[PDB]
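Before any questions on how it binds or moves, here is one chain, the form deposited in one PDB entry, in structure tokens.
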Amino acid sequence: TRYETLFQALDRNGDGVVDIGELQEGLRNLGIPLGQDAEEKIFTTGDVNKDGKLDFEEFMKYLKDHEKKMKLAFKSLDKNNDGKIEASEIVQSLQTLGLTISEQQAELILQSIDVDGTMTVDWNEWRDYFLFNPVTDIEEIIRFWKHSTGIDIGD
């Protein structure tokens, strides 16, 4: 599908495109603390022709480019290169950025993304969590963790 499913779920009035209000409602269903300018940010990037709607191609292009960035952010946390993120890697990656986070705080992050209870975050879990979050790189993700979810991260 996979976007085709998401797109149709978003296109509530079935006119074949997603308007900013429809996207706004979609974000609302995620239960993740995004800013009230999140759909505006997504549209700023995604509505390439500035006609005020996201067609499927624009929607797909937005998500596909976003996914690429999210893979790079995932990779930058995966210090041992096994395709998984564990708590210790969050601690050590932030430390190399000059940020201190305790093991317990890193576990809170892990718990918010880990869906199958492995205490490891895999690409699908990471991607799905971040799919509709406007963040563009690991720093923004960290900004989100501290300033939106309250995780204790000190510089």
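Just count from 1 along the sequence shown to find any residue number. Take the two forms, superpose them, and find the largest set of C-alpha atoms that agree within 1.5 Å; that set is the rigid core.
A.B. asks: For the C-alpha atoms alone, is the average B factor greater in 56 to 64 or in 84 to 92, going by the entry?
C.D. replies: Of 56 to 64 and 84 to 92, the stretch with the higher C-alpha B-factor average is 56 to 64.
A.B. asks: Averaging the C-alpha B factors as listed in the entry, name the stretch that ends up higher: 139 to 147 or 9 to 17.
C.D. replies: Looking at the recorded C-alpha B-factors, 9 to 17 comes out higher on average.
A.B. asks: Looking at 30, 106, 121, 42, which one carries the largest C-alpha B-factor according to the PDB entry?
C.D. replies: Largest recorded C-alpha B-factor: 30.
A.B. asks: Ordered by C-alpha B-factor within the chain, which third holds residue 117? Give me lowest, middle or highest, please.
C.D. replies: According to the entry, residue 117 has a C-alpha B-factor in the chain's middle third.
A.B. asks: Going by the entry, which third of its chain does the Cα temperature factor of residue 38 land in?
C.D. replies: CA B-factor rank for residue 38: lowest third.
A.B. asks: Quick check for you: using the entry's CA B-factors within this chain, is residue 110 in the lowest, middle or highest third?
C.D. replies: Its C-alpha B-factor, which the entry lists for residue 110, ranks in the middle third among residues of this chain.
The same protein has a further form, the form deposited in another entry, not shown here; the description that follows concerns it.
A.B. asks: Compare C-alpha positions between this form and the one not shown after fitting on the rigid core and state which of 87, 94, 34, 42 moves by at least 2 angstroms.
C.D. replies: If I go through the list carefully, the shifting residue is 34.
A.B. asks: Checking residue 58 here: with the core superposed, does its CA move 2 Å or more between this form and the one not shown?
C.D. replies: For residue 58, whose C-alpha is compared between this form and the one not shown after core superposition, the shift is 2 Å or more.
A.B. asks: Does the C-alpha of residue 17 move 2 Å or more between this form and the one not shown once the rigid core is lined up?
C.D. replies: For residue 17, whose C-alpha is compared between this form and the one not shown after core superposition, the shift is 2 Å or more.
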